[PDB]
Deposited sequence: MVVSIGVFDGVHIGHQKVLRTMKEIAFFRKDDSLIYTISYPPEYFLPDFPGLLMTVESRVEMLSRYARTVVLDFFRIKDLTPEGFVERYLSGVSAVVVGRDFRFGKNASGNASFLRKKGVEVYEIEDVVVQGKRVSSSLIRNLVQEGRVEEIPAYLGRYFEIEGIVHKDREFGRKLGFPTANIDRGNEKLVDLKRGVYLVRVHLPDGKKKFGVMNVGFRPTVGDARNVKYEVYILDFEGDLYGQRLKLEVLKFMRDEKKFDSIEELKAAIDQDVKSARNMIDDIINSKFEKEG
């Protein structure tokens, strides 16, 4: 049994597809295989917001479900539908995909084509949350608007900023991939440090976009090391100051606000 799709973000709609693949595999006493298409066609079209996560990160998540193989979009898009099936689906009796699934030359391949070739296909309906269909597009839009508190309902977890590291803040290099950017401003984040230690931080998003985080209650150099930041809440909009002391006041004020929010989170469990 095979699942096919981009799966950018591995949101709850994606998880539904993957779980379905696993159930069928179990039912059929068969093995599972995930084909993840590198990029959606929009990635190569005007005004693309960007991926929610790198392909590498996506594959790490998909791999927890089943063996995962990346299909290079730029390549498979030139294959005839027959060519695609001949190269990737021999012996496969069941395919699980989402709605509007397309593949091959001029996107001429679809679920109907796969069925006519002996392959049975389950097209999973999108998950609906608050009257909206869960999609990578919708989540990217939420990121661009800074509505990070609303993301978990669709993504299944908090939106994350991840990269190499490049008051004493830390700049995050997210890599060369085309990724979606947060709305400029100040955010409260949960910092996942290398040791495995977790801290809270104040992250500034400014401008390409630059990601800087001030980690609360932590001291040390993290240069050359990876950091994973869960973006929890939008604190305030970007603000320009015509003075350094005014900036200082602003920072010290953000950290105080952060500590208060953290306290609220802690006391919310009771």
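Several segments of the deposited sequence have no coordinates for C-alpha: 1, 168-177, 219-226, 290-293, numbered from the first residue.
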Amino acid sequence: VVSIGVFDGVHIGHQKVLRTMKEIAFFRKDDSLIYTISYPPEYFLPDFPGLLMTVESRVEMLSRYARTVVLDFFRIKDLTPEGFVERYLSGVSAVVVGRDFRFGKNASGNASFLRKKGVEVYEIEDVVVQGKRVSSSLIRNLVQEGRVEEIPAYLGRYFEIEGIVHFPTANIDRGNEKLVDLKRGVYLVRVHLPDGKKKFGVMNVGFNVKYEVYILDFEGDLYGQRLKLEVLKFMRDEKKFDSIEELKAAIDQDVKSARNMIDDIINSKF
From here on, numbers count along this sequence of modelled residues.
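Whichever C-alpha set is largest while still superposing within 1.5 Å between the two forms counts as the rigid core.
Choosing between 71-79 and 186-194, the greater Cα displacement from the shown form in 5 other deposited structures of this protein, fitted by the core, goes with 71-79. The rigid core fit leaves 89-97 as the farther-lying stretch in 5 other deposited structures of this protein, judged by Cα positions and set against 173-181 and 89-97. Across the other PDB entries of this protein whose models span the neighbouring residues, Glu56 is modelled without exception, so it is unmodelled in far fewer than a third.
Among other compared entries that model residues flanking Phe27, every one gives it coordinates, keeping it clear of the one-third cutoff. Comparing 86-94 with 167-175, the higher mean C-alpha B-factor in the PDB entry belongs to 167-175. As recorded in the PDB entry, 113-121 is the stretch of 194-202 and 113-121 with the greater mean C-alpha temperature factor. When the modelled residues of the chain are ordered by their C-alpha B factor, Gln15 lands in the lowest third. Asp221: CA B factor in the highest third of modelled residues in this chain (values from the PDB entry).
In the deposited entry, the Cα temperature factor of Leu182 sits in the bottom third of values across the chain's modelled residues. Annotation for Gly104: CA B-factor lies in the lowest third of the chain's modelled residues. Split the chain's modelled residues into thirds by C-alpha temperature factor. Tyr35 is in the lowest one.
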